[PDB]
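**Q** Just passing along the structure, written as structure tokens.
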Amino acid sequence: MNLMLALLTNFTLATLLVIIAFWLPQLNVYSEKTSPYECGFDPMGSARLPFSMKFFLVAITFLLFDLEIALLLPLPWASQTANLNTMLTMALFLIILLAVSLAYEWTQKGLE
Amino acid sequence: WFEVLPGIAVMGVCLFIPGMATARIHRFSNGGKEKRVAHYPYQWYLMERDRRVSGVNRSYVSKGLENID
Amino acid sequence: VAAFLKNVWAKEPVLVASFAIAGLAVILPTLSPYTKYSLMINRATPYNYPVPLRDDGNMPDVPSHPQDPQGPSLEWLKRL
Amino acid sequence: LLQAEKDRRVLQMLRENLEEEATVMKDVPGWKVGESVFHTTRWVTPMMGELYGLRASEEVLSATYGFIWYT
Amino acid sequence: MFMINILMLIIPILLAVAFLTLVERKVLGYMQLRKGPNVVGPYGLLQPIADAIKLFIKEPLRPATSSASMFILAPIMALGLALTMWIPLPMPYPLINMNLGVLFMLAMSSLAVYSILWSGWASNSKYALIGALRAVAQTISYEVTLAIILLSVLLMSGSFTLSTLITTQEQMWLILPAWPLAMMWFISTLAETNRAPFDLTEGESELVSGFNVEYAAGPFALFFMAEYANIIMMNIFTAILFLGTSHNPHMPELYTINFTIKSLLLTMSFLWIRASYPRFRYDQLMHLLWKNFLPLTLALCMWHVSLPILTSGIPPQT
Amino acid sequence: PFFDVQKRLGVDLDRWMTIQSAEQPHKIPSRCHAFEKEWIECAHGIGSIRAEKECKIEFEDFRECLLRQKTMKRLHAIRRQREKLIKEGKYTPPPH
Amino acid sequence: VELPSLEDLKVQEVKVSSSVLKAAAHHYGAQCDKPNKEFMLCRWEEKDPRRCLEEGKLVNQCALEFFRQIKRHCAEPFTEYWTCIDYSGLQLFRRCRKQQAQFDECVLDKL
Amino acid sequence: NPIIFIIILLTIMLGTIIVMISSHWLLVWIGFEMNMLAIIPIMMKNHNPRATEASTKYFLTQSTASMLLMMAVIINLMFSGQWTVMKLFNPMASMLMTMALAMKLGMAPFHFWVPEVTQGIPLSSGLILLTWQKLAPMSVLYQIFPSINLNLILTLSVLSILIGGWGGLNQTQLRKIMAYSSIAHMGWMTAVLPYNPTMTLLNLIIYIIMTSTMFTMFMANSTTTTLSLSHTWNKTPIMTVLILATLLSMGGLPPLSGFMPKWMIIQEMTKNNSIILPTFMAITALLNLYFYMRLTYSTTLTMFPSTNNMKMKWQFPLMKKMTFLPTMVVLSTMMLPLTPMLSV
Amino acid sequence: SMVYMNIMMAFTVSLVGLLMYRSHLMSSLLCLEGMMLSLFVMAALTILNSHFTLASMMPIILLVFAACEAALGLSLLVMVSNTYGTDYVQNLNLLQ
Amino acid sequence: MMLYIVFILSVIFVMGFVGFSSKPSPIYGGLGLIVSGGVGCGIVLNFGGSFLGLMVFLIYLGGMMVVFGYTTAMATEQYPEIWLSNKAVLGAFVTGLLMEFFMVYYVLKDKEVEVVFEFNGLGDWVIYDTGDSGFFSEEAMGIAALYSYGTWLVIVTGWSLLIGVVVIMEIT
Ligand SMILES: CCCCCCCCCCCCCCCCCC(=O)OC[C@H](COP(=O)(O)OCCN)OC(=O)CCCCCCCCCCCCCCCCC
């Protein structure tokens, strides 16, 4: 029953330590002028964040290579079986189904 | 070249506590015997049995041969 | 064609080390006779509990006492 | 050997969870002593609620959740 | 007293991550030909008590332009998943015994980068805005290099738990047999945790200062104490997953003694690099992963799969 | 239209995962396993249109093995034979 | 339903820990096999472990005299043997390998 | 590019062959889950600001359509815990099957969709492929066939063949006019379905042909009704006797084959002594005809040939198998009392 | 028992006004990609509390598409707001 | 740490949703999930299924969501106000929250009320286990690795993914 005793112990030191740092001098009596001088060294910066694509694909591109290496995960439990040939013949398919899915897209990464 | 030899001896020892703490709490809490481990539901099944027969309530006290005479 | 195989190894000697290992792991499992030992060991590990069958007449083998002569030889592994 | 210890532990366990039930009340709009919730008749391994009653204190919590979350 | 075995862990480690910052510039000092913090100590060993106290006295501004609700829950993390990950880690006796726990790291290795995306976005514009976006992008592409080459060896040891992984490395220092992989286990944790040769996340050269830029002395001790709570853990891991010690059911103590005289050598590697090599210019940085690091890591997986099967080797586990 | 090719030629596409009792690789059972081989035995040579009005017995308990729907009610109704009378005598049990 | 009374219960269970119970445990079953395999067949062959209680007292019985046997001849090498294996975690069998002969010195020999 | 377009366009039917071949509820999920995965790029090809505001109004309307099903698969995994494919053992399953499956076919409601997609897919080429998705689902309904609440599958039917009828009388674009009156013929085949479920397929094949041979004809350039006026005095008049030899046969008149489904279907729906149902269907497909008349008064009335328009060139499209179909879309009535005993 | 009525009230997450609407499409698409876990967990119990031992992979296959496919339909939501910059379900243009 | 530590998770889970099932300015949408996903992977880690729980962290909650969050900087919403922004979100909330509460109130606030909510008893986890058992990897989803019997189940999923990229290499 002692796991949650070992988790909420950990946060409660951390969720404590924000206030004793952030908050404690935050109410101190120093000046702290409201002037809009903050947001350093790009003073104003008025724009939307524009769509920039080769930022985007490197999200998608991963998400799919991700899945099957969940599918690929239960090899070391499956190395203990009865008929094993249906493993080696089958196990090696996923991989090559992964590696193929590279080679195609590999004609165009662009600047990744 | 030497002046760094003290700099280690802080970090080093401070990692030699957490390895000797848990090691000597388990050996201390169960009185000389390393903590049991239940990975598989069969393995558990003997402790929760052994709790019943031990002396009162615990899994760390073994009866022995003279128990049943 | 061997001039090709030496003129991709002056430029990209990387994936070539993957293909070189890509095959050579597919080929070999159909060769070395160490395999098929691998399938015998892995079949004989008694995960379950053996249940004794009923003996009326035959009873081909396998007497009541297990250590008596009963059945196959699994001790070719113990010496192995 | 190990099993021949358990089967006795549940049959002991049902009786006390019956003999100490049938002596709670015998009610006219009550139930017959040890009926069957099924029609069919053979031994079907009982549900946790059968062995431990509404008892529901601790030694239960160390039974159902005993194995999970830790040695 | 199980609660006093925990709090005996969280506390005694915050001294290492503190006194690393000192051995930071002594070791990196004599690479330069000079001595390290000296005047204050006398030996310097007294420096970090003075540094922990300058920050929390020093006033913690917030940007007028920020969303305060995110500017807390994010750092209130950079110190959890750093201090939770330590839990099931055998030395020799881990505080928890998790059946399949090895997988549990990747659970907590994957969930920290979702505390970068908050903070850099939580605040404001383009030095921490698109500057905390594109350190997301490199941090997730160095997992696929990882989980595979973690999954390789685990064919060579049988299960997901860590009590077996001391048994199999007995008299064989698991670095012989896969030494090709082991390299890539190193360049990963150095690329993923944002350290020297691929440095970009925290800025010096490519930008001003990455992701730290806004936090004043107040919160910025946490990150500067969080970022060093990952680095001494992955490197206190690698040496349970490669360079194994020899358990001793009798003098447990001599296990850890010889264990910190390894994991503490190993670490002094991310410092022994940082004096040396320059940076990658974010194109070359990912552009060298798909093309180059990856094709092998698949290829070897087709290899450590068959090698047990093709030798009747298959390791004794479920 | 359901062609059923896997009947004609030899392959098994699925047919294994299908029901609650087939193999279970190490031969480990389900809880209500023993009532399958009972209930399938009933309707096989049947054409299933009379099954509904024929068997129905071996099916119902099987639906009541699965959900434990009733035994949980006759159980919850011991909490009304005791634990309204706790004060009125027969604490029941004696501990132990 | 019919359940047997409270009787033919409270019998003599072998009461020992789980460390000693795996100490011999090995010479144990290979040499006995008088009720036990047979007692399986009073379960697997016909289920409902209620109709079959009888050999349960035979198979439980075989153990009684077994541990009652061993106490007479040599308990000294045994007592020291199941101490090491009881020095713990996982209860490995590959640590006590040395002492395995001392327990088995005359057991396979004398009796 | 050109290879894969035959890899994609092959995987579709492989998406619907695992549907008809399977024993196992999981596979009939995966089975038409990978159409909504493998259909989408076909819509795209010319990358325009409709197809992409089309296939996204399609997508999330076949996304839930599926994703409810998986909720009505896992209900009877509770009760009876036996997958396979047979009556659904529990009423919250079926009522959550059939009226959430009507989304892919769309029936009487669940069509604000079929006109929003079929219109303004920039790709009119086909769009003949939206005759597959009529053919995946039915190959469930034929199996589950003896479980329906029976007060529904008619109540989506009879509110359909009506609502798809009136939908078009107001329409001009002739991709819509086929979009409408393709809800209609989903009124006849699932109104039958509990009574003798073959003599449905009969209406299913006669439908796949007739709507098929329309499009292949609508492919030369043809788009808007008033571009079918500039047709006979320009392209070829032997085209016009065709478009009048079908559009009439498709609502149907007894010397043609379009009359073949009704003529047989009512043999079935009476003999079960429901004679007050079929008239109202029989009589409502009537004002389903007044699209086609008034479509057919466009092309034979020589309406203002376009302008000076001189097409002296010959044709090079693919008419493939158009030189057959309106000898089988018309003349087959004289042939067959086979269709009830042939596919059966 | 009770854990089957939660989570079920959760699987009315559909709620459809909040399935297509209102704008910020990303909120709609969101409650979709989390319509799973109402399909998953619910089917990670019934499989589990009774030992099927075989369908146990099915939970894995309920994600492997639920991520694969729902990650597709994200793509379009770039094409919409690439040409715009605001998703805003309020784009109707193709009409009927 | 009572017997109700399961019932206390789900009713946080059920409340995990209604945060993002209304209309929260979807940079807080995530924070309606990773709680729900978290507690969700929480519930599953009881019952004995473990491996299958600890994956949702790896494959979905950890891996997937980040893409859901790596965008919504590309679709990036305007800095109008967000969250409490427009006065409308709050109205839709409570009536959901109470609707299980008022359900949960007299669902059982008494002996029984009435029938349809009365056939679910509570508190011992009556079903939640059975008897004892042996061990295989555990017993249950401990053996989730079938490259034996399952094949035609993989090779579709194995092949259906390979096309996932081709579709997306185009429209991109
Ligand atoms: C910001 C301030 C506010 C936040 C404060 C609270 C924050 C909490 C954040 C939670 C983050 C950690 C949660 C990760 C869960 C991991 C659980 C796990 O993996 O445990 C492993 C273990 C597996 O069991 P096994 O070893 O196979 O069998 C043992 C047999 N004796 O499993 C077990 O032993 C059984 C599991 C027992 C634990 C009960 C379930 C705990 C998990 C609940 C998490 C709830 C989600 C909270 C929000 C998460 C957001 C990230």
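**Q** Show me the helices of chain E, taken as full DSSP H stretches, that run 24 Å or more along their long axis by Cα and average 0.0 or above in Kyte-Doolittle hydropathy.
**A** Counting only whole DSSP H runs, the qualifying helices are E:2-30, E:217-234.
**Q** Mind putting a number on the dipole of chain J about its Cα centre? Charges go on the C-beta only, +1 for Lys and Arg and -1 for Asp and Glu, and I need it in Debye to the nearest 20. Before the final figure, lay out the partial values.
**A** Numbers: 4 positive and 13 negative charges, 116 e Å.
Rounded to the nearest 20 debye, it is 560 debye.
**Q** Let me ask something additional. Considering the dipole of the protein assembly as shown built from charges on the beta carbon (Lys and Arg +1, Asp and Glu -1) around the Cα centre, which of C:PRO46, H:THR327, D:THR64 is farthest to its positive end?
**A** H:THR327
**Q** Once you've got the Cα coordinates, tell me which of H:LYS45/H:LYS320; F:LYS37/G:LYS10; E:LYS262/G:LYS22; A:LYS54/H:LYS57; B:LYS33/E:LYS262; F:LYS7/H:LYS87 are over 32 Å apart.
**A** Details: H:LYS45/H:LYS320 22 Å; F:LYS37/G:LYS10 37 Å; E:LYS262/G:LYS22 38 Å; A:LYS54/H:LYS57 26 Å; B:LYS33/E:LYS262 28 Å; F:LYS7/H:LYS87 21 Å.
From the list (H:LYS45/H:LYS320; F:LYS37/G:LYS10; E:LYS262/G:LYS22; A:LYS54/H:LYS57; B:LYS33/E:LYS262; F:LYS7/H:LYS87), the Cα-Cα distance tops 32 Å for F:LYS37/G:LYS10; E:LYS262/G:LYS22.
**Q** What ratio of Cα Rg to 2.2 N^0.38 Å holds for the range J:17-76? Write down the numbers at each step before the final one.
**A** Details: Rg = 13.0 Å, N = 60, 2.2 N^0.38 = 10.4 Å.
Rg over 2.2 N^0.38 Å, computed on Cα atoms: 1.24.
**Q** Oh, and also: Counting other C-beta atoms within 10 Å, which of G:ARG94, B:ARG52 has the fewest, and how do the rest follow? Please report the intermediate quantities before stating the final value.
**A** Details: G:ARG94 5, B:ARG52 12.
Arranged by neighbour count, lowest to highest, G:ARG94, B:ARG52 become G:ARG94, B:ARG52.
**Q** Note the angle between two axes, namely the Cα long axis of helix F:33-42 and the longest principal axis of the Cα atoms of chain F, as a number of degrees from 0 to 90, rounded to the nearest 10.
**A** 50 degrees
**Q** Per-residue ellipticity at 222 nm for chain A, helices alone: DSSP H runs ≥ 4 residues times -39500 (n - 2.57), over residue total, nearest 500 deg cm²/dmol?
**A** -15000 deg cm²/dmol
**Q** Which angle between 0 and 90 degrees, to the nearest 10, do you get for helix H:201-218 versus the longest principal axis of chain H when only C-alpha atoms count?
**A** 30 degrees
**Q** Turning to a different aspect of this structure: Among F:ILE57, F:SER21, F:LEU67, whose Cα lies farthest out toward the positive end of the dipole of chain F, if unit charges sit on the beta carbon of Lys, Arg (+1) and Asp, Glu (-1)?
**A** F:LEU67
**Q** Next question. Charges only on Cβ, +1 for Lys and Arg, -1 for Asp and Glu: so what's the dipole of the range A:1-83 about the Cα centre, in debye to the nearest 20?
**A** Taking the Cα centre of the range A:1-83 as origin, the dipole is about 80 debye.
**Q** Among the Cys residues of the protein assembly as shown, which have no other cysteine Cβ under 4.7 angstrom away?
**A** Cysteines lacking a close Cβ partner in the protein assembly as shown: A:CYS39, B:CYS14, E:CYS301, G:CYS32, G:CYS62, G:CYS74, G:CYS106, I:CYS31, I:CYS68, J:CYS41.
**Q** Going toward the positive end of the dipole of chain B, with +1 on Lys and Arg Cβ and -1 on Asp and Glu Cβ, which of B:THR22, B:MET11, B:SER62 do you reach last?
**A** Positive-end residue among those listed: B:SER62.
**Q** Assign unit charges at the C-beta atoms only (+1 for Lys and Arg, -1 for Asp and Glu), then state the dipole size of the protein assembly as shown relative to its Cα centre in Debye, rounded to the nearest 20.
**A** Approximately 2300 debye in magnitude.
**Q** Right, another one. What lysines sit close enough to F:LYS70 to cross-link, taking a C-alpha to C-alpha distance under 19 Å and skipping anything fewer than 8 places away on the same chain?
**A** D:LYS32, F:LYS56, J:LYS111
Read the figures in this text as sums done on the coordinates, not as results from a lab. Ideal geometry is used to build each Cβ from the backbone, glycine not excepted, and the neighbour counts take in all protein chains shown.
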